[PDB]
Each structure stands twice: as C-alpha cells, then as structure tokens.
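The block underneath contains the structure these notes are about, expressed in structure tokens.
Protein chains: 2
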Amino acid sequence: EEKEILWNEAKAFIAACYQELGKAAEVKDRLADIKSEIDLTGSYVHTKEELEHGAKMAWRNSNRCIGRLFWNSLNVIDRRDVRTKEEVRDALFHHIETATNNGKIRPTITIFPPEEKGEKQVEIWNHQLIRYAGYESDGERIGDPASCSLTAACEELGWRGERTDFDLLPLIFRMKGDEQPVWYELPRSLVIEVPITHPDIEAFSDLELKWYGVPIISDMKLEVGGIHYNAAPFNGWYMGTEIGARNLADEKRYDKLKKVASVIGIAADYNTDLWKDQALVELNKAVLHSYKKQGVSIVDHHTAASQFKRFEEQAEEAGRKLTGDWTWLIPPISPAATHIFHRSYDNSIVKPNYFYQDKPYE
Amino acid sequence: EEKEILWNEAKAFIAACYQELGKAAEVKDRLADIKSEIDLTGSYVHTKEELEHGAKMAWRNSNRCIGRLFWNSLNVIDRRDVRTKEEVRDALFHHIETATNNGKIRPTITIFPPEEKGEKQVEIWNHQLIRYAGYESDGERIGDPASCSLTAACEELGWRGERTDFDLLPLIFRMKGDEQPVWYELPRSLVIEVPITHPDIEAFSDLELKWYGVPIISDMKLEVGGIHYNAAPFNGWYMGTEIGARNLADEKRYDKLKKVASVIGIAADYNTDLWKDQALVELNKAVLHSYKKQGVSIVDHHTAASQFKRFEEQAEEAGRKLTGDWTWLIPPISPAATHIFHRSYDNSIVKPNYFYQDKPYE
Ligand code: HEM
Ligand code: HEM
Ligand SMILES: CCN(CCc1ccc(NC(=N)c2cccs2)cc1)Cc1cccc(NC(=N)c2cccs2)c1
Ligand SMILES: CCN(CCc1ccc(NC(=N)c2cccs2)cc1)Cc1cccc(NC(=N)c2cccs2)c1
Ligand SMILES: C[C@H](O)[C@H](O)[C@H]1CNc2nc(N)[nH]c(=O)c2N1
Ligand SMILES: C[C@H](O)[C@H](O)[C@H]1CNc2nc(N)[nH]c(=O)c2N1
Ligand SMILES: [Cl-]
Ligand SMILES: [Cl-]
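Sequence lines, in order, name chains A and A'. A prime marks a further copy of an entry chain.
For the first sequence, the entry's author numbering begins at 2 and goes up steadily by one.
For the second sequence, the entry's author numbering begins at 2 and goes up steadily by one.
Now the structure itself:
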C-alpha cells in the first residue's frame, strides 16, 4: 500500500510535469526507470528538473497563497547532498543571504533530503528561519506569543534569550540519529530588520516597533510525486497586512493598536469612533512606508490582489483549473475593496503542494 | 410526495417549536389535527403562536446574519387576513411606520398569506420596501445600479423616476388573479433619511450623500414547517459597514471612495498609500456619526460582532447547535479585529429559515 501510494503519485506527477516541460515523450521510459527503482529501493530520486518544477507546481497549488502569480520564477536550491549539521546550518545561513539579496528579496526554496520510510533525515524546529522569541512568565508577556513554546523548548537546550520584545531565535534542527536538536545563533549581519516609522506622524517611532525583512517558512512539508520533503524552507516577500494587520495588531500577538491610537492622537474609547479601524490603517501605512524607505521588498494588498487576478487569468489562459481558499485569500483589511471578496474559489487539494506536519516539540 | 414533504416538515417544526414553548404535551394532539387537515385540505394553518415563534426561529437559523442575538424579540405582525391590494399596500405602509418608530427602529416582520399549491397569493417585486432607483442609459449612470432592472420594470408600468441619485422606488406587487403588479408611491412622511456628514471634516457634506433609515427586506421566502410564506417583509437596523463599506463604496454601487478621498484631503494615486482603506474608514465613521446624530438606530461592526459572540454563548447555554456562514458574518472592514474571523462555523441549513426565491421580473 505504501509503495502503491508512491507509484500512483509518481505516475501522476511525472506525466503532468513532463507535459508542462514539453517532455511528454519521455514519460513512458522515465516511468519505467521509476517503477524499477521503487521495486528495488522502495523509493525513487527526482531529477533536478523534476524537483525544480515540482517546487514551482507546489507553490502554484497553494490555495491560501495570494502571491502565486510568480510561481514559475521560484529560485530552487537543491541541497539533497547534505549529511552533516554543519552543512545544514550553512545551507540555512546561505538561504537567508541569497533570498534577502540586500533587500531585493528573491523567492527561494532550499530542498533538503526527503523522508525515507517516513523517517526524517533533517528535522527543522523553527516555524520561520527568522522569528522573534516569546515569553509568558506569570503575567509578564514579552515578545511574540506565537513563539512561546518553541522559545521554551530552545531554553531547555542551553540557550537563553535576552527577553527583549525582539530576540531572534537561533536556528534549531535535529539530524537523523541524534536524540536532541542542535541550535545556532543567527549572525546578525545576515538579518535585515525594518524600524516602523510613519510618513506623516513623527511620534510613531515612539512605539519602537520593528519587523524582520524576510519571512522564511521552515516547517511545512513539500510533497512532490509521492516524495516527502519535510525539510524544505521557502520564502517570498511580505504582504503589508501580514505585519500591520496581524503580527503587530492581533491581541494574541503584539497587540499594538491601542498604542498606535495613542501616538496618532485619537481616542480609543468608543466602538463607534472606529478607532481600531483607523489605527489599523495608519499602522499598515507605516509598515509599507518603512519597508519601502529601507529598500526592502514588500507588497500592499491591493497590488497583491491585482497580481492574483492576473494569476487567475493565466490559469484560465493555460487551461489549468484554479484552486483557492477564499477565507485566506481575502486580506484582513478592506477585503471588499479587492476582487477576491466578490468571487468564489474551489478549495480542492492538488499535488504537488506544501502541507502542515506535526511539531517535533510540545 | 408534496403532501409528504409538508407532513414531514410539519412534524419536525411542531415538535421543536412546542418543545421551546414548554408546550411539549400538546404535540401529539396538534400533530393529529394537522394530519387530518392536510389529508382534507392539502395544507394546514399555523396558530398565532406557531407563526410567531416560527418567524423568530427562522431568524435564529439565518447563517449569514450577525444580528441574531435579538431573534426572540422580533415583532411579528400577522396579515394572513389580507385579500385586496389596498390591504396589502396599507399593511406595507404600516410596517414602515411601526418599524421606523421615529428612528428607534423595531425589528419587525409582516406575514402575508402563504403560497397554496406553490401559487402565490401576494407577490412582492421590491427587494426592499425602501430602496433607491437606478438608471443606466448609454454611459450615463444614475442612482443605485443594484436597482436598474427593477426600476426599468417599474417604468414599464407607467411610473417615472425623477432620475436623481436617490429616487425612492414605489411599492410594487401583484395579487393572485392579476396579470400585472400595481405600484404605489411611498408617502415621503413615512421615509426617514439620513444626510451623511462627518464629525470632524466639514467638507464631507459636499458629497451630498444620504441613505434611508430602515432596511426592510421584502423578497425572501419565510419557510415555517412546510408552509411557504413567499411574502413576509422583515427589517432590523443597519450595521454601519453595510452602508459605508458596501452600498456607498462598491464600484458596482455608488462608488464614492475617490470622492471621499478628495474631500478628506488625501491623494488617491498610489496603492501603497492605502487611500482606499483610509477613505473607507472615514466614510464609515461618517455613517455611524450621521445615524446617531439623527436619532436613527444603527450598530458598528465591533458592537455587532460583540453581540453575536453573546449569541454564540447563548446557543451553547441552551444546548442548541449553532450554524453560520463565516464568509458573510465577517465585516468588510477590519474583519480580523473581530472574534468571528478567528473561529469557524458550520454552514448547515436548518429550518425554519428565510430563503432566496426567483425574481418575478427580468
Ligand atoms: C512572493 C511573495 C509572496 C507573497 C506576497 C505571499 C503572500 C502570502 C500570504 C499573505 C499568505 C497568507 C499567510 C498568512 O496569513 O499567514 C500566503 C500563504 C502561503 N503562501 Fe504565499 N506569498 C508569497 C510567496 C510564496 C512562496 C514563494 C511560496 C512557496 C514556494 C508560498 C506558499 C504559500 C503557502 C504554502 C501558504 C499557506 C501557509 C499556511 O497554510 O499557513 N508563497 N502567501
Ligand atoms: C437587528 C438588526 C440586524 C442587523 C444589524 C443585522 C445584520 C445583518 C447583516 C449585516 C447581514 C448581511 C447583509 C448583507 O451583507 O447584505 C444580515 C443578513 C441577514 N439577516 Fe440580519 N440583521 C439584523 C436583523 C435581522 C432580522 C430582523 C432578520 C429577519 C427576521 C434578519 C435576517 C437576516 C437574513 C435572512 C440575512 C441574509 C440575507 C441574504 O442571504 O442575502 N436579520 N443581517
Ligand atoms: C504565522 C502565520 N503564517 C502561518 C500560519 C500558521 C501556520 C501553521 C500553524 N500551525 C500550528 N501548528 C498552530 C496553530 C496554532 C498555534 S500553532 C498555525 C498558523 C505564516 C506564513 C505562512 C505562509 C506565508 C507567509 N507569508 C509570506 N509572505 C511568506 C512566507 C514564506 C513564503 S511567503 C506567512
Ligand atoms: C443588498 C444586500 N443584501 C442582500 C444581498 C443579496 C440578496 C439577494 C441577491 N439575489 C439576486 N437575485 C442577485 C444577485 C446579483 C444581482 S441580483 C443578491 C444579493 C440586503 C440585505 C439582506 C439582509 C439584511 C440586510 N441588512 C440589514 N441590516 C437588514 C435588512 C432587513 C433586516 S436586517 C441587507
Ligand atoms: C477561522 C478562520 O478560517 C481562520 O482563523 C483564518 C481566517 N483567514 C485567514 N487568512 C489568513 N491569511 N491568515 C489567517 O491566519 C487566517 N485566519
Ligand atoms: C463570493 C463571496 O462569497 C460573496 O461575494 C460575499 C462575501 N461575503 C459577503 N458578506 C456579506 N455580508 N455581504 C456580501 O454581499 C458578501 N459577498
Ligand atoms: Cl509572518
Ligand atoms: Cl442594504
């Protein structure tokens, strides 16, 4: 049944992939090599081309992603060769560097060896490669609550955060054969951060807000033709609302709106004043302004929505069925101002794709 | 099969309804009377109590409605007695008057005779009892585009709009036996309207915006225990975003955001300025301010969301399953600022309920 799932998935991916790459006549032969390889080894190894296009396809199939227009230009780094934690660390360091690209962010994925018998070769603990720690000690909240459990797990392994609101978590990951993960402090010279200022309102800097430049998701499983790449960190750039409307605004995150309201000089007393909405808008304007001023790639939700419309059009133009999760595609501010809000999407799961997988801690 | 659908629906409604009304011991007897009545007449007639509670239940079951907390206080007017168009008109006029209640809006439903063999007794053409007309003549857009087809149909029947942006449509409805509907101009003394001004920004009145006080939906079918009340106009008060974020903001509606941006003194040139979002917020603040200043009931989306949370809690407290349509429950501005955004809802259809039905024109 396992070998059969793998074989079925492989036939479907190879046929589709080679169709897209104009390699349709190589399918029969390639499928044979695969079937022998599976019968002999219990698995199979992707060609560079297959792996690259699989990564792109997987992005194209991400129902929740609004930034899919640029799926075909994903920069793919093949690190299936790594065997050592030094090699894993250096590959991660490198991913940060080349993705960041001095602020001109390059959408990049680094692909590590896949699971074998469901056995991971490399198991990454970070949610993102760059993320802030979180502390909840008897009433005292510091930093990013989202990171509380990972931060605690890391503080078991001999690490210690400074307990500012913006401690960078180290890389933490475990190698097959090892009982505990290792951790490595990030070289600060690799991490670009952006101070949040506002274009009109001088006092906004009193909040002393900042965010990191590059969101690099490192806890999702890339699935390509039956092969499970549990360790395959990927990055794009931010949509502004992600920082301004969620990370800095959520009560369960940094919870800044009341402070935003105060520094922008409005009362936060009455629901009917719509102070939350007003604070949300200024904070999000601040975010967009700050990233642009700092030479760090970012997109506003109107432009993003506008780009995603082009993606919908391209799919139709290419005869590809379009899938999407409406509940995640709509931006958390002014959703009815985008076309997404006014149409529906089929939320069917298509592979290749990126999937959630169990956290290795907690 | 028809009589069987009716009988099944009736058993389910009577049992549930009488359970809620502490009348559980009357179910067996009441069900018998119903079964005889159906076998003899092909239908059955609701008691006043049944009809009233059915109307309330139907509201409680409206997955898309955020205002459901107040379901049990719905004011029900039983007009199953009407036979003439004069009687229908007067019942509609009256509904407007008592619902409006000088601005202190009373959630009210007026229930007309139900369909017999799927044959309507009274067929209402209006979407709402109070609504603005719409004209689209070679490039020239006037009024509310949503009302274009109904306005045209009405202008077949000898009526003529003045072609302002805010022409009130007359009541239009048809009686069983008649080939054409009749129409009646609304007495202006019955219609409260609100000029949109802004609390801080004097120039906002230059836009010369207004909206009507009371939204009275008059084109949905109320279904209670197998009985189809196709004609049963109902009203609540407005949630501010309905006017500020949709009716006045939608490009396919009044499309005012660029004009809002100009009178509030911001540029409407760059997506990254978030001028749409900023314009949305000021316009919605204007709406809330204007309705409150005029002594007309309205609710902001935070308070509404807050009330709907209490409704969720009540359902649980009463052992009632809760149903909801997440895509409609989230407000079109700052949705992530409400709890609704951060949970899920079962979108199952439960009866009694209000349903769409085919437009009689177009
Ligand atoms: C190029 C810029 C990109 C932008 C602006 C963008 C935007 C977004 C946003 C706003 C979300 C929702 C995130 C949230 O609410 O937490 C999202 C989700 C997602 N994006 Fe993208 N994205 C981009 C590139 C990419 C890339 C390069 C990949 C992978 C190759 C990707 C795959 C995904 C996936 C898998 C999700 C779903 C995550 C989940 O389910 O939690 N995106 N994207
Ligand atoms: C008391 C104040 C009320 C408020 C503030 C309220 C709020 C809302 C809002 C904002 C919507 C979405 C409308 C849209 O986006 O077009 C809605 C939908 C709805 N409401 Fe309510 N509502 C109220 C009372 C009522 C009453 C009295 C009824 C009926 C007895 C009702 C039944 C419904 C139904 C059936 C829908 C769905 C309409 C559709 O599918 O298009 N509501 N409500
Ligand atoms: C933090 C919010 N999301 C992920 C949301 C999420 C993911 C996974 C879980 N799973 C859980 N185990 C938990 C749920 C609740 C507590 S833990 C919960 C939430 C991060 C994210 C994902 C994908 C894209 C982006 N934004 C981006 N622009 C990109 C990053 C990388 C490429 S594009 C952000
Ligand atoms: C105009 C927007 N909605 C209804 C949305 C809608 C309904 C029905 C259709 N059906 C169609 N036939 C069409 C679709 C497209 C063109 S016509 C389309 C849209 C009006 C509405 C419905 C229910 C509640 C409210 N708001 C209110 N606060 C209340 C009114 C009455 C009681 S509460 C507003
Ligand atoms: C319950 C709800 O579906 C869920 O909380 C979603 C709503 N849509 C979202 N959309 C995005 N982009 N990100 C999120 O975290 C959420 N939360
Ligand atoms: C396609 C989408 O589901 C649809 O256009 C909905 C979204 N949610 C909505 N919610 C409300 N309250 N009103 C609407 O008109 C819509 N439009
Ligand atoms: Cl993030
Ligand atoms: Cl409306």
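C-beta atoms are modelled at their ideal positions from N, C-alpha and C, and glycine is treated no differently.
Taking a contact to require three or more Cβ pairs closer than 8 Å, the stretch 317-328 of chain A and the stretch 224-233 of chain A do not qualify as touching. In this structure, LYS105 (chain A) has its beta carbon at no less than 7 Å from each heavy atom of ligand 3. Inter-segment contact for the stretch 145-159 of chain A' and the stretch 128-136 of chain A' is present: three or more beta-carbon pairs are separated by less than 8 Å. Listed along chain A' are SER335, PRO336, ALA337, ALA338 and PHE342, each with a C-beta nearer than 9 Å to that of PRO333 (chain A). For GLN295 (chain A), no chain A' residue has a C-beta closer than 8 Å to its own C-beta; the minimum C-beta separation is roughly 14 Å. The residue among A':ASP179, A':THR152 and A':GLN181 with its C-alpha nearest the C-alpha of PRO171 (chain A') is A':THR152.
With respect to the C-alpha of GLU317 (chain A'), the residue from A':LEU70, A':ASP34 and A':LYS49 having the closest C-alpha is A':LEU70. DSSP places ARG175 (chain A') within a strand segment (E or B) once states are collapsed to three. For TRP327 (chain A'), the chain A residues whose Cβ falls inside 7 Å of its Cβ are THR328, in order along the chain.
Listed along chain A, the residues sitting closer than 7 Å to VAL282 (chain A') by beta-carbon distance are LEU275, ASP278, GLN279 and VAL282. In this structure, the C-beta of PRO108 (chain A') approaches ligand 2 to less than 7 Å from one of its heavy atoms.
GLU120 (chain A') and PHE94 (chain A') have their C-alpha atoms some 24 Å from each other. For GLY296 (chain A), the closest of A:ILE193, A:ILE267 and A:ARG321 by C-alpha to C-alpha distance is A:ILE193. At least one CB of chain A lies nearer than 8 Å to the CB of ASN272 (chain A'). By the Cβ neighbour-count rule, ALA92 (chain A') is buried, with 16 or more other Cβ atoms within 10 Å of its own. Boundaries of the alpha helix (DSSP H) around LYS86 (chain A): 86-101. Between the stretch 263-276 of chain A and the stretch 244-252 of chain A, the count of Cβ pairs shorter than 8 Å is below three; the stretches do not touch. Within 8 Å of the CB of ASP301 (chain A'), the CB atoms of chain A belong to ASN272, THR273 and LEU275, in sequence order along the chain.
Shown here, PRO333 (chain A) sits in coil according to DSSP, grouped into three states, outside any helix or strand.
For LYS86 (chain A'), there are no neighbours in chain A by C-beta distance under 8 Å, as the nearest C-beta there is about 38 Å away. Proximity to ligand 6 was defined by a C-beta distance below 7 Å to any of its heavy atoms, and the residues meeting it, in sequence along the chain, are A:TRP327, A:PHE342, A:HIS343, A:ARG344, A:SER345, A':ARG65, A':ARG247, A':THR328, A':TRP329 and A':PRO333. For secondary structure counted as the beta strand (DSSP E) over 3 or more consecutive residues, the stretch 267-292 of chain A' holds no complete run.
Relative to ligand 4, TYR133 (chain A) has its C-beta separated by 7 Å or more from all heavy atoms. By the C-beta criterion, the stretch 337-345 of chain A' is judged not to be in contact with the stretch 38-45 of chain A', since fewer than 3 inter-stretch pairs fall below 8 Å. Out of A:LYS352, A:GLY23, A:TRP276 and A:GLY214, the CA that lies nearest to the CA of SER291 (chain A) is found in A:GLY214.
The beta-carbon of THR198 (chain A') is placed no less than 8 Å from the nearest beta-carbon of chain A. For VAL264 (chain A), the enclosing alpha helix (DSSP H) starts and ends at 258-264. Under the criterion of beta carbons closer than 8 Å, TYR239 (chain A') and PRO216 (chain A') qualify as touching, at roughly 6 Å.
Bounds of the beta strand (DSSP E) holding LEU223 (chain A) are 222-225.
With its beta carbon less than 8 Å from one in chain A, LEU289 (chain A') belongs to the interface. At a cut-off of 8 Å between beta-carbon atoms, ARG247 (chain A') makes contact with chain A. Apart from sequence neighbours up to five positions away, the residues of its chain that approach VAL225 (chain A) with a beta-carbon distance below 6 Å are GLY55 and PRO353, ordered along the chain.
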